[PDB]
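A short worksheet on the structure shown next.
Readers should treat all values here as calculations from the given coordinates under stated rules, not as data from a laboratory. As a convention, Cβ positions derive from the backbone with ideal geometry for all residues, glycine included, and neighbour counts pool all protein chains shown.
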Amino acid sequence: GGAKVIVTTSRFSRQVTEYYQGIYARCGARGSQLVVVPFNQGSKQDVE
Amino acid sequence: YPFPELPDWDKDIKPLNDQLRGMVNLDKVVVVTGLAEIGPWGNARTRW
Amino acid sequence: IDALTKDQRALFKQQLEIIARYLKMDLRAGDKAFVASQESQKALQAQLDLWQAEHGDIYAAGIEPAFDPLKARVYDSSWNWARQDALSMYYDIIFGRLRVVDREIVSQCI
Amino acid sequence: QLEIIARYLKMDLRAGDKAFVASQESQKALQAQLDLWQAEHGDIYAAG
Amino acid sequence: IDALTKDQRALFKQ
Amino acid sequence: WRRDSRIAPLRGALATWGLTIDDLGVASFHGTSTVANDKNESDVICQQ
Amino acid sequence: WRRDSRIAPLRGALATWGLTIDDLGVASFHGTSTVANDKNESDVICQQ
Amino acid sequence: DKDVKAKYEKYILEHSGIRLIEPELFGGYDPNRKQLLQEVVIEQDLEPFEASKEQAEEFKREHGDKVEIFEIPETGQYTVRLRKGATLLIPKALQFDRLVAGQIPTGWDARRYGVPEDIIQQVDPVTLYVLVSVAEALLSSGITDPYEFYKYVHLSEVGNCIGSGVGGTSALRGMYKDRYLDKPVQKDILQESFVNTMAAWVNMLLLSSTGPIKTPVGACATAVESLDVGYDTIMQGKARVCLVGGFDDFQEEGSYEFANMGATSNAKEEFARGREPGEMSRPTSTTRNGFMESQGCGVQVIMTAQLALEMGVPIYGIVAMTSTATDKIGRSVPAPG
Amino acid sequence: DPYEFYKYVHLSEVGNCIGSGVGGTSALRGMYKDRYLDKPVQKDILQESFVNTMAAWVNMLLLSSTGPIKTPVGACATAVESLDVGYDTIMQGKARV
Amino acid sequence: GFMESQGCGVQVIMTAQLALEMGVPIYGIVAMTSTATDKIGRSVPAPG
Amino acid sequence: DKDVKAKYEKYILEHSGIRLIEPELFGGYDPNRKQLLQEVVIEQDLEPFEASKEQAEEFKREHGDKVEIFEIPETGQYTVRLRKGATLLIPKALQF
Amino acid sequence: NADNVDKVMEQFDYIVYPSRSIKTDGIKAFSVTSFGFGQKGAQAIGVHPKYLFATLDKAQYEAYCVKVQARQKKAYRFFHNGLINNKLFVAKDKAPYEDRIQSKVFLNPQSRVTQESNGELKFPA
Amino acid sequence: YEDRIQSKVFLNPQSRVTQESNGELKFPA
């Protein structure tokens, strides 16, 4: 869909960087956007 | 130890031969015959 | 041996102290401040040993922040990838990686 | 004149301050980590 | 011998 | 095509083997991962 | 005289203006005041 | 063989490609401790040390008023005391940014390919990459003994056009620094700082030929200019066969210098972007911010189509056209145009 | 005015083949020594240690041209090799001046 | 032994055509030029 | 013009051609005092000197065991003392 | 590493930027271009071998095709012999011509090396 | 050449500089 999503990962490696860009190369409809970010929902601070 | 694959006379070359036979002086035609390298990934073989 | 010179030492060591006293410099003021901060460093490790005991390691590790704007990677070049998948699929058909059977060709086309 | 006596007595004069500096760097690593706990949980929790 | 005093010397010389 | 005002050298050497610019399939780019070089490299090869 | 087995390149370029080796009047020598270079320089030009 | 992949693959990948600079490969370089010297004017007399009569004199020759040397009546030696005012050099270290660089695989050695021991010790590493290269480039072209060229062709048609950007960067240092530092350097390191000494060594070990040699310096784009040069030279009867290529090494003084221009990419800043070594090189990315230092060389032997077919050697392609070209007036030396 | 060349000839025929043995020997020093000594050196002395930076400056101040440039390093005999290079280049339609 | 010395030397070269067409002085004709290597050896400077 | 030859010719010839190296023309080079550095390992503590905080660190970064740096509580500067074992560079000159 | 190609590159109709390998039917010609410091810009064009071969006769081409594969077998032998024994590089000691002949060989534009009795290529006396 | 013309001048293998209204040499608009 035309969706812009922001995806959080707790294993931020080139391997995972790749995986997602792989995904976007194949599913990225015009208008869409993929933003990957390191995150750790164990952390109050990270969340906020 | 692979050399370049020699094209097929019939399948690959013949369709051009009609136009190109002797249409070029093979003494002012410059050709890359050998090929090597040493770099971060190894000789050209490993690198490729 | 060093009895006939432990006399020497004892002498010079006092001689040192006097110079010190004259220069108005506390010789052992280095060790004094060290001892001190090494008591405060026990009060920390004390408290920090509480957290460690009430939660355990895996928790401890799992709450460390990790989000950092500078690591954020952005993927938005739909246009270029299209032409890729496009030109990619063309040669796919020609080599027979794709038959008109495979629902795949459909997916890709969409 | 002091320095020489020192050198002769084989006693490092500033070995006191040296060891102090050092332990006051380790004392930063603690306060560092302990400042994490403090931030992910807040005071009332800590106390409780 | 004079090792236990070459220390002395060195000192005084400075 | 030597000094031929009406034949670009790219054309020339390509035509001598019976090809137009449309047969130039792969362009290998210097592409140094720098800011300006890649915007420019593309540009030159494009205009051409 | 290009690649002519029966015409030394010296002859060639000289003959093209209507001259033989006999018209080569002045030879300008590297002649570096070193021991070997001057015995050799003379030699090459001589043999020629 | 079945196990090779299991054992070593993990290692192999981890110790080749673009990686963190391995100091072993660079006689101790560690970007995390860039060594500099700082001039310090001592302000109190320094302790005396022993010296040969010559050395003593040298010291006094430079300092004079600020140094005292005296004979040791007994041993014939001398004694050096720098007085206050004397100028000294104290080493310091820097934390440099470029920690990543594309380096030849960890373990590669010209000795394995069969290069002679003495020659190993006598030439710049760069020459080693070139010797090995040209040796394997002849094999990928069916030439075993390069003398085989002198069946079909005269000694004066095997040309040699290998170039570089600076090349000999290692001897170049021993000349301008290692010698001013009084470290043990060869007497002839001057020989090995020239771009064309590599080229020469190729001719003195492999293809003994009275062929043309034109060695170019086209900076970053050398390797191509070399193809041109070789190309043209061959199309003028100057030669029929001809080695062509480029080479350049990685060095402390090099890497450090590009970084002052802004050419290389800041490893520290990029490590702070989550980037991993060797995946810091994105040629078209939105995030592309600077290039990657790398070492090594590359050669390709070129021939007349004639000589080619007559010999019966493989043919990888046709050099259709080559050319070099400058841009307009400007004052920016590096600006691509 | 070197632009006078662009009366009779196109921008792409004024070629530049000036070479040297090492050339830039002065910046070459500031790089390998004057900097390790922490003396005040330019940031771009790397620019000026290349044999072809001389050549470049010639083109950036005088003859602004899209001509060939092939700069040689023939050691002691460079200047002649340069004549060769230039010669050949001109006899291949690459340039006229 | 030889003499160290400093400086440079240039000479601008043209097609006889362009020369006469422009009407510029002509100091001489570059009749022929060439470069040449010597035999196998291990002496880097030895003139041959 | 008529005098030019009289005045300067003497000079001109004497200050061109192959001559004795003129140091002015080479930022001070004088083959009579070729400067080198010799690595000397000091064998007694050296006197302390002032430094910026950065510089201090740099020095320590290179010598470590063989250098002590401390803050000046007041001026925010530092103090550098190379202990015995430290490695120094002393200039010397050659007659070339 | 083509992460996500810069929006600026979209203007460039004629270029497309692959972020994974594409196996095609084949390529005819290519353009390797590059740039450098000091306004050094150089471009080269290469053309597939077939097109050269299309100058000949099946006669010639198929006669060359046999020479080629004989070489590939000497080459193959060499490489494996070399990998094992550490001799992909053989340093030449003596030149092809004995010293006494040198001037002659240098001047006879047809003098060429003959196979000899040990397997060594020499100029003949 | 003025900047706007550059690409054209670079590609027109006959574009040549004309004398101008100061005496400077310039490729024409």
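Shape summary: region H:233-337 maps onto an equivalent ellipsoid whose semi-axes, from the alpha-carbon gyration tensor, are 38, 19, 14 Å in decreasing order. Around the Cα centre of region K:48-96, unit charges on the Cβ atoms of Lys, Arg, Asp and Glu (plus for the first two, minus for the last two) sum to a dipole of about 360 debye. Within region H:102-182, the proportion of C-alpha pairs whose separation exceeds 21 Å stands at 47%.
With the Cα gyration tensor of chain I giving a ≥ b ≥ c as the square roots of its eigenvalues, does the rule (a/c under 1.5 for rounded; else a/b larger than b/c for prolate; else oblate) give rounded, prolate or oblate? Oblate, because a/c is 1.5 or more while a/b does not exceed b/c.
Residue farthest toward the positive end of the dipole of chain F, with Cβ of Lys/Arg at +1 and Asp/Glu at -1: which of F:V35, F:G18, F:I45? So the residue we want is F:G18.
Summing Cβ point charges (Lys, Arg +1; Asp, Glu -1) relative to the Cα centre of the protein assembly as shown gives a dipole of roughly 2220 debye. Contact order for chain I, expressed relative to its length and based on alpha carbon pairs under 8 Å spaced 6+ residues apart, stands at 45 percent.
For region G:1-38, backbone nitrogen atoms closer than 11 Å to the point 7 Å from L:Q110 Cα along Cα-to-C-beta are found at G:5-7. Label point 7 Å out from H:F271 along Cα-to-Cβ: which residues of region H:1-39 have amide N under 11 Å? Label zone hits: H:20-21, H:31-33.
Between H:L243, H:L181, H:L307, the residue with the greatest mean-square fluctuation in the GNM of chain H (Cα pairs under 10 Å linked by springs) is H:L181.
Within the listed set I:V51, I:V14, I:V22, the residue fluctuating most in the Gaussian network model of chain I (springs between alpha-carbon atoms under 10 angstrom) is I:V22. Here is how the number arises for chain K: DSSP H runs of 4 or more residues each give -39500 (n - 2.57), the sum is divided by the residue count, and the result at 222 nm is -7000 deg cm²/dmol.
Counting partner chain Cβ atoms within 10 Å of every residue's Cβ in K:5-11, what's the average? List each step's numbers first, then the result.
Details: counts 0, 0, 0, 0, 0, 0, 0.
Across K:5-11, the average partner-chain Cβ count within 10 Å equals 0.
Between the listed residues H:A335, E:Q8, H:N196, the Cα displaced farthest toward the positive end of the dipole of the protein assembly as shown, a dipole computed from Cβ unit charges relative to the Cα centre, is found at H:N196.
Report the one residue of H:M235, M:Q19, A:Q33 whose Cα lies farthest in the direction of the positive end of the charge dipole of the protein assembly as shown (charges on C-beta: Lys and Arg +1, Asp and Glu -1; origin at the Cα centre). Sorting the options by dipole projection puts first H:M235. Averaged over the residues of peptide L:109-116, the number of Cβ atoms from other protein chains lying within 10 Å of each residue's Cβ is 5.
Considering only C-alpha atoms, what is the centroid distance from region K:20-72 to region H:169-216, in Å? Result: 31 Å between the Cα centres. In a reduced charge model with +1 at each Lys and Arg Cβ and -1 at each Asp and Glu Cβ, chain L shows a dipole moment near 560 debye about its Cα centre. Taken over region C:65-110, the convex hull of the Cα atoms encloses 127 Å³ per residue. The calculated FRET efficiency for H:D3 paired with H:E24, based on their beta-carbon distance and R0 = 30 Å, is about 0.65.
Can you pick out the pairs among L:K23/L:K67; C:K13/K:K53; H:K151/L:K28; H:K84/K:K60; G:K39/J:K39 whose Cα atoms lie more than 26 Å from each other?
L:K23/L:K67; C:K13/K:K53; H:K151/L:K28
Peptide K:19-31 has a mean of 0 when you count, residue by residue, the C-beta atoms of other protein chains within 10 Å of its C-beta.
Can you classify the protein assembly as shown as rounded, prolate or oblate using the Cα gyration tensor, where a ≥ b ≥ c are the square roots of its eigenvalues, rounded means a/c under 1.5, and otherwise it's prolate if a/b beats b/c and oblate if not?
Numbers: a/c = 1.95, a/b = 1.31, b/c = 1.49.
Judged from the Cα gyration tensor, the protein assembly as shown comes out oblate (a/c at least 1.5, b/c at or above a/b).
Straight-distance candidates among the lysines for linking to K:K5, with alpha-carbon spacing under 22 Å and chain neighbours fewer than 8 residues away dropped, are absent.
If you take the beta carbon distance between D:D12 and H:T79 as r and set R0 to 35 Å, what does 1/(1 + (r/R0)^6) give as a FRET efficiency, to the nearest 0.05? With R0 = 35 Å, the Cβ-Cβ based efficiency is 0.75. Using the Cβ-Cβ distance between E:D2 and K:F70 with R0 set to 45 Å, the FRET efficiency from 1/(1 + (r/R0)^6) comes to roughly 0.75.
Under the classification rounded if a/c is under 1.5, otherwise prolate if a/b is larger than b/c and oblate if not, where does region L:28-103 fall, given a ≥ b ≥ c as square roots of the Cα gyration tensor eigenvalues? Verdict is oblate for region L:28-103. Take the Cα radius of gyration of chain H and divide it by 2.2 N^0.38 Å, N being the number of residues; the result is 1.26.
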